[PDB]
Amino acid sequence: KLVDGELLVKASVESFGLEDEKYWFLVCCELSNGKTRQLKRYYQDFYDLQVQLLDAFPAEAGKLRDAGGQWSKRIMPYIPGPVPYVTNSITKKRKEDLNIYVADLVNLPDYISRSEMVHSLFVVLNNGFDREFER
């Protein structure tokens, strides 16, 4: 979903935590009308978006080849990779990497950043956590 007059202008990952063996990240964002959100996301949420984005924008993902055989220029940011066993030290580094990743996303060209797809990660979910604050 997109809301006219309320588009993403800033995003961050501020912290991580553990609840019953599962690590989570605090994602914050600011909208163009000055509203902000505090959100809870798991690594998988970022991974699932990234899979969607690389598929939806193959050229910008560096996944296309021209007639000459040269790969298209990549402007899409990278996510930290999936791991067989999640640990505190892996999660700590992910928090740092994901912070940069989400800021980079919201700054992509309009035709990518303003997409339902990119905005989907930042929607308030009925997950017993996510909240939107007035300006």
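As documented in the archive entry, the model was determined using X-ray crystallography at 1.50 Å resolution.

The protein carries the name BUD EMERGENCE PROTEIN 1 in the PDB entry, which gives Saccharomyces cerevisiae as its organism. For this entry, the PDB record gives the title as "The structure of the Bem1p PX domain".

## With respect to the overall build of the protein
Looking only at helices and strands, the protein features four helices and four strands. Reading the protein from its N end, one meets helices and strands in the order β-β-β-α-α-α-α-β. Relative to a compact globule of 135 residues, whose C-alpha radius of gyration would be 14 Å, the protein shows 16 Å and is just as compact. Each principal axis of the C-alpha distribution contributes one length, and for the protein these read about 50 × 40 × 20 Å. Counting only contacts in the protein whose residues sit at least 6 apart along the sequence, the fraction spanning at least 24 positions is 55%.

## A look at the side chain of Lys-40
By secondary structure assignment, the location of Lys-40 is in strand β3 (residues 36–41). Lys-40 gets classed as buried once you look at its relative accessible area, which sits at 12%. Side-chain polar atoms of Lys-40 contact the side chain of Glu-19, separated by 3.1 Å.

## A word on the pairing of strand β1 (residues 8–19)
Working note: regular strand, side chains alternate between the two faces of the sheet. One ladder, built from 10 bridges, connects β1 with strand β2 (residues 22–31); its direction is antiparallel. Bridged to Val-13 within β2 is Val-27.

## Some points on the pattern of salt bridges
In this structure the tally under the stated criterion is seven salt bridges. Residue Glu-6 pairs with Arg-37 through a salt bridge whose shortest N-O separation is 3.2 Å. With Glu-6 in the segment before β1 and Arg-37 in strand β3, this residue pair connects regions lying 31 residues apart in the sequence. Judged by its relative accessible area of 11%, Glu-6 is buried. You can call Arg-37 buried: its relative accessible area is 9%. Note that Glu-132 and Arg-37 form a salt bridge whose closest N and O atoms lie 2.8 Å from each other. Of this pair, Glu-132 sits in strand β4 (residues 131–133) while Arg-37 sits in strand β3; the two residues are 95 residues apart in sequence, bridging distant segments of the chain.

## Description of the packing of aromatic side chains
All chains considered together, the criterion is met by five aromatic pairs. Look at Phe-16 and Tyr-23: their rings are 6.4 Å apart centre to centre, the planes differ by 50°, and that puts the pair in the tilted class. When its relative accessible area of 26% is taken as the criterion, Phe-16 is described as partly exposed. Residue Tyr-23 is classed as buried on the basis of its relative accessible area, which comes to 17%. Taking 6.3 Å as the distance between ring centres and 65° as the angle between the ring planes, the aromatic pair formed by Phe-57 and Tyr-111 counts as edge-to-face.

The rules behind the values
Residues numbered from 1 in each chain as written, not as in the entry; some residues may be left out. Heavy atoms only, no water. Residues with missing side-chain atoms left out of burial classes, pairs and counts. Helix = DSSP H or I, 4+ residues; strand = E, 2+ residues; numbered from the N terminus. Rg over C-alpha atoms; globule rule 2.2 N^0.38 Å. Contact = heavy atoms within 4.5 Å. Buried < 20%, exposed > 50% of the residue type's maximum accessible area, 1.4 Å probe, protein only. Polar contact = N/O pair within 3.5 Å; in protein donor to acceptor, adjacent residues only side chain to side chain. Pairing = 2+ DSSP bridges. Salt bridge = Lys/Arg side-chain N within 4 Å of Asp/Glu carboxyl O. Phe/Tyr/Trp six-rings, centres within 6.5 Å; stacked < 30°, edge-to-face > 60°.

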